[PDB]
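Written below as structure tokens is the structure these notes are about.
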Number of protein chains: 2
Amino acid sequence: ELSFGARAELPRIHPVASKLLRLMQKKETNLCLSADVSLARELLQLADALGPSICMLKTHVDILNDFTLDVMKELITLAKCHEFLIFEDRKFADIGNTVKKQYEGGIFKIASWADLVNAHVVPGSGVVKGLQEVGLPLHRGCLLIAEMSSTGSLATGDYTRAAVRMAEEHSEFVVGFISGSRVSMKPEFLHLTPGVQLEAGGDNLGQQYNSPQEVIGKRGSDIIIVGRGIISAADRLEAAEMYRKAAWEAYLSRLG
Amino acid sequence: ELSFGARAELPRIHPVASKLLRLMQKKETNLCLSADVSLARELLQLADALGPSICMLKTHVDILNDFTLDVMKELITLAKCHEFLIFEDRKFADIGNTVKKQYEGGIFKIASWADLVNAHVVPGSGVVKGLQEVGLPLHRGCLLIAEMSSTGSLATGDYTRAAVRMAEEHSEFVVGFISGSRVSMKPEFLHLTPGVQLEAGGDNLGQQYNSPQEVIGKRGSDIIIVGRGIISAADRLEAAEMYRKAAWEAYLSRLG
Ligand SMILES: O=C(O)c1cc(=O)[nH]c(=O)n1[C@@H]1O[C@H](COP(=O)(O)O)[C@@H](O)[C@H]1O
Ligand SMILES: O=C(O)c1cc(=O)[nH]c(=O)n1[C@@H]1O[C@H](COP(=O)(O)O)[C@@H](O)[C@H]1O
């Protein structure tokens, strides 16, 4: 198994993946903050304070009450300053012709500011084809949702295998997965795992949690995605540090 | 088989479904216009001119370049005047906690103006639970995506059966399906079918077309969803009439 820094140099690495892997090793972080807030001011204060601790900030632009493109200008400034990628967790899941417009246009202009987006594989490979027609020219990357954290997920068995095949057949654009585990044996592909908290539990609406040690160390994923475990804590900086240290040591101990 | 008007009176009918079925029979239309445009003025001019011909107007609010809530105020005026429902084709597909915010909040406030939304079933039933916590109090309905029109769709076999079960277990909120065919044997559930054109063909990004006669008459669906077959035509009113008459006669001939 190669280090993040060595993976960043793999022949077939995507440029977005390489940038990410380099800053993960430089900063000793494999934590993605899920900035699940409705106020721009809170999003930006979290991005600034937690920026040094994270490799990535995941957004849901469609829950921000006071979205403007200028908010995203301010977010990019912070991402550049603190060195993290922006991942819009849009979960594109329509026909190719529709998702291209959803990605490029409308109010959000997601492709203009998001390094990464993700997509469901259920519509077939046209979802990726449509996105890639916007995202390739804009030097973006995409993650495919191969497994989900929620109770009753149907992203298992042959579905997960189809996501892996689709990623591998569109490596020009697809840089990895949302998954609960390592699903691809090719080290050029990132594995990002949500449903992460230090303590056992879940929410009232089907979320299920596993620890950083479980998903990075035992299940072989690369990056933890953490929302409420950080966001709901009083001191979100120390919470982010706890999660960072957990995920980083789990990664180190798997490299041996 | 019962008429749309009789289905509107079924004991277990949802109020949104009943409203829809009543206006379908009153107006002799089972056509849903897919208003896949980027300008508010065009959306509203289409809604006004085509309103008499349609039972429903399907939106992708996230491709509208000049979205405001006032545009949607103007759309509701037209929907009330001409008697059609508004369906936001958002394809919610996240954990329950996330989709509740995506449905109620952000810039779009979808639940405030959309009679209907839809969801993928891949995350498990928490997606429906989350939506229903916003949509039940707001007297809304939801469609579950049981089959898709696109090449390579994984919404087949056990996946489609899971969508049907999920709908049937959440009949307080779920009023039907996006599907290619009748998938539920319970007449209280609407079947809406996209991927419809009069002529054979497809697009460059995995869309596949079948005719109104095929999907309403042979496959037993209720409503056709038509975008480019109308939107790209020169005379969109006559195109809508062609599709309306096709879908309506196919429905009549299946009732015998
Ligand atoms: O794509 C995601 O990030 C995602 C996929 C998945 O399987 N599960 C999942 O929880 N997520 C997202 O990751 C975040 C989890 O947040 P918490 O449960 O608060 O840690 C939310 O923003 C979800 O939308
Ligand atoms: O949910 C939908 O309406 C949908 C589901 C599906 O399986 N296929 C499908 O095409 N759609 C949508 O229906 C419309 C089809 O448009 P046309 O291909 O232009 O008729 C688009 O807005 C798609 O996003």
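One-based numbering along the chain as shown.
Note: Cβ is positioned from N, Cα and C throughout, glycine not excepted.
A simple way to gauge crowding: the CB of A:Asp89 (active site, for OMPdecase activity) has 26 other CB atoms within 10 angstroms, across all the protein chains here. When secondary structure is read from DSSP and collapsed to three states, A:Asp89 (active site, for OMPdecase activity) falls in the strand class. Summarising the annotation, Swiss-Prot assigns active site, for OMPdecase activity to A:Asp89 (among others).
A:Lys91 (active site, for OMPdecase activity) has a Cβ environment of 24 other Cβ atoms inside 10 Å. The active site, for OMPdecase activity annotation in Swiss-Prot covers A:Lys91 (among others).
Feature annotation from Swiss-Prot assigns active site, for OMPdecase activity to A:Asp94 (among others). Around A:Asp94 (active site, for OMPdecase activity), the same-chain residues at least 6 positions away in sequence with a Cβ under 8 Å from its Cβ are A:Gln102, A:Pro123, A:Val127. In the three-state DSSP classification, A:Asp94 (active site, for OMPdecase activity) falls within coil.
Cβ environment of A:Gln207 (orotidine 5'-phosphate binding site): A:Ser149, A:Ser150, A:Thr151, A:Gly195 lie under 8 Å away, each six or more residues apart in the same chain. Positions annotated as orotidine 5'-phosphate binding site by Swiss-Prot: A:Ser34, A:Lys58, A:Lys91, A:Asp94, A:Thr98, A:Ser149, A:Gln207, A:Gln208, A:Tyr209, A:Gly227, A:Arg228.
Residues annotated as UMP binding site in Swiss-Prot: A:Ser34, A:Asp36, A:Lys58, A:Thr59, A:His60, A:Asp94, A:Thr98, A:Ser149, A:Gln207, A:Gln208, A:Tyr209, A:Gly227, A:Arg228. A coil conformation is recorded for A:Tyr209 (orotidine 5'-phosphate binding site) in the three-state DSSP classification, outside any helix or strand.
Only A:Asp94, A:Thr98, of the recorded positions A:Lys58, A:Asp94, A:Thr98, place a Cβ under 6 Å from an atom of ligand 2. Checking each of the binding-site residues (A:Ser34, A:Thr98, A:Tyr209, A:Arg228) against A:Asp89 (active site, for OMPdecase activity), the C-alpha distance stays within 10 Å for A:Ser34. For ligand 1, the neighbouring recorded positions among A:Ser34, A:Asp89, A:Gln207, A:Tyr209 are A:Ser34, A:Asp89, A:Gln207, by Cβ distance under 6 Å.
In the three-state DSSP scheme, A:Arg228 (orotidine 5'-phosphate binding site) is classed as helix. Compared over the binding-site residues A:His60, A:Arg228, the count of CB atoms lying within 10 A of a residue's CB peaks at A:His60.
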